[PDB]
Every structure is written in C-alpha cells, then in structure tokens.
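For the numbers below, each heavy atom of this structure counts, side chains included, while hydrogens, waters and symmetry mates do not. We count residues from 1, following the sequence as given. Each ligand, and each atom within it, is numbered from 1 in the order the structure gives.
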Amino acid sequence: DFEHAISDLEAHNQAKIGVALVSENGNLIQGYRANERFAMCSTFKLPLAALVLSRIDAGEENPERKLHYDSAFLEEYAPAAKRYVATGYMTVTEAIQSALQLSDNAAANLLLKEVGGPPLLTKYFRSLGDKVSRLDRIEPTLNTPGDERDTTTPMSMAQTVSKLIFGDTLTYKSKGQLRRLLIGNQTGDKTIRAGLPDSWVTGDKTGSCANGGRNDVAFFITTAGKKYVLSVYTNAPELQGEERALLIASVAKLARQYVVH
Ligand SMILES: *C(=O)[C@H]([C@@H](C)O)[C@H]1C[C@@H](SCC/N=C\N)C(C(=O)O)=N1
Ligand SMILES: [Cl-]
Ligand SMILES: [Cl-]
C-alpha cells in the first residue's frame, strides 16, 4: 500500500517525505505524513500569485501596474529581478510570472509588498478555509525545531491549490492565467511531472529549502479528464540535488497508481 511504499522510500533515502494526493474538490485520496508541518519556503508563491490575481479580479490592482524597486531590494536568487532592476520596476504581471516560473525571490517580495505582507497572505489562506498554512517572514529570512513560522502541511497545501486551480475563488480569466503560468513553470521538469505520463496536462510550483528541503505541488489532468492535485514535501539531506528531484518523481509514480488514467 501507499503508506508502506512511501515509508520504504524514507528508509532507503534517509529522508522525511510528506505527501497528499487530492481530488479536484480537495478530498484526500492518499497521503503520508499528510498533516505534518514542513517548511513552505517557496511554494507559498502559488497562493501568493492567486491573491494578487484576486486583487486584480476585485479592481484593487491591475496587471500593468509598476512595482518599483532598486538594487538594495535584490536577493541572491533573483534572476529576473536582476535583469529588470536598472529600469526601476517590474509590472505585476512580470513579477507574478517570475515568482512562479523561476521562483525569483525578489519578485516574490514585490508581490508580498503589494498584498500587504505575510499577514495578509495568511489571512488569504484562512479565507480559503486553510487553517494551517502560514507565512510570517519574507525572502530569504523565511527559510529551528518547533518553529511553525512559514509552514504548511502536504494536505493543507494540496487542498488550497485544488481550490485555486479547480474551484471558483478566482474568475475564469484569472484561473486560466494562473494555470497557464504553472504549466509553463521552468523549475519542475525533473520533479513531479517527471513521474507522470507526458500526455497529462501538468502545472507545478517547486521549492528548495533549508535542511535538504525539496518540494513540489502540482495539478494535473489525466487523459480521462480527471483532475488532481499532488503535494510532495521532502527533506533528504544526504541526497544530491538530482537525487532529491528523482525522489519526488518516484513519489508521483507511486501516487499515480491511485488516479483514473
Ligand atoms: C523558494 O522560493 C526558494 C527560495 C527559498 O530560495 C527558491 C530557490 C529556487 S532553487 C535554485 C536556486 N538556488 C539557490 N538559491 C527555488 C525553486 O527553484 O523552486 N525556489
Ligand atoms: Cl472530487
Ligand atoms: Cl516550498
């Protein structure tokens, strides 16, 4: 069974693995450590992008709005922001695309400023019925034992993402935009979607975090038209990076045994 298979993976890789596979409507299909906390150092950007789109939906923001910043605002991993910084700004749209598809840290910080900071994103999680996920600090500060700051659970994240991608909190327009952006993610070619058939439509947001953290949350649609979200959080400090991605792809190959192909 699923729980024994993931346990075997933990023991073989000296890793901690948390995973939830949920239906289109957020209902759990299989999981393993599904209600344990993991650091949410990058995957928070997915719900962050959705908050920004929902502000646009409500007329409180628009896509072409210029988010001003200078070199002091740069972070160590900010490939897009470093290219645009001489101009003085990134638009809302550029920052959303960069934070999602490149996991650009300065772009994510721009979007955090836009929405009112970590507390307003936490309020957004709560508003969507996610009682667990919380963001407290900005990049890269958000990345000790017992500290619940900047954490999610595999279940909370899968459920949240399922609501954003497949539910009705975003308009049809925004939901389409968010999905197309996630499909075009550039950082997830070796993670969850490497463990799924290539004919399935898949979009994802990855993360790489302290203590050997390598995470991915994806939506996918099988050739039968059946829609799912898979969250995978891993800590495998003895594995190399290519091996950590392969571990996530292995988890997805296990989880897909439980979906209608
Ligand atoms: C999440 O947003 C990560 C933050 C915490 O740095 C970010 C890092 C990239 S991994 C490649 C960059 N290497 C060193 N900093 C990442 C991602 O690709 O998902 N997320
Ligand atoms: Cl369902
Ligand atoms: Cl993450």
So, the side chain of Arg256 versus the backbone of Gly195: is there a donor-acceptor pair under 3.5 Å, distance only?
yes
Where ligand 1 meets [X] - atom numbers and elements under 4.0 angstrom, heavy-atom basis:
| X | result |
| --- | --- |
| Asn105 | 2 (O), 4 (C), 6 (O) |
| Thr187 | 18 (O) |
| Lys205 | 19 (O) |
| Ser42 | 1 (C), 2 (O), 3 (C), 4 (C), 5 (C), 7 (C), 20 (N) |

What's the verdict on side-chain hydrogen bond (donor to acceptor under 3.5 Å, both in side chains) for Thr187 and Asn185, showing C-alpha distance, side-chain angles and the deciding distance?
CA-CA 6 Å; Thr187 69; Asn185 184 39; 3.1 Å; yes
Just to check, does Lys45 reach to within less than 4.0 Å of ligand 1 when the distance is taken from its heavy atoms?
yes
Say whether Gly207 and ligand 1 are in contact under the criterion: heavy-atom distance to a ligand atom below 4.0 Å.
yes
Within 45 degrees of the axis of the six-membered ring of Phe219 and under 6.0 Å from its centre: does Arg179 put its NZ or CZ there?
yes
Pi-cation contact, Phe220 with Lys226 (under 6.0 Å, within 45°):
no
With only distance considered, is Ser103 within less than 3.5 Å of ligand 1 through an N or O on each side?
yes
Just checking, is any N or O donor in the side chain of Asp130 or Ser133 under 3.5 Å from an acceptor N or O on the other one?
yes
What are the two closest heavy atoms between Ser208 and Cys41, and how far apart are they?
O-SG, 3.1 Å
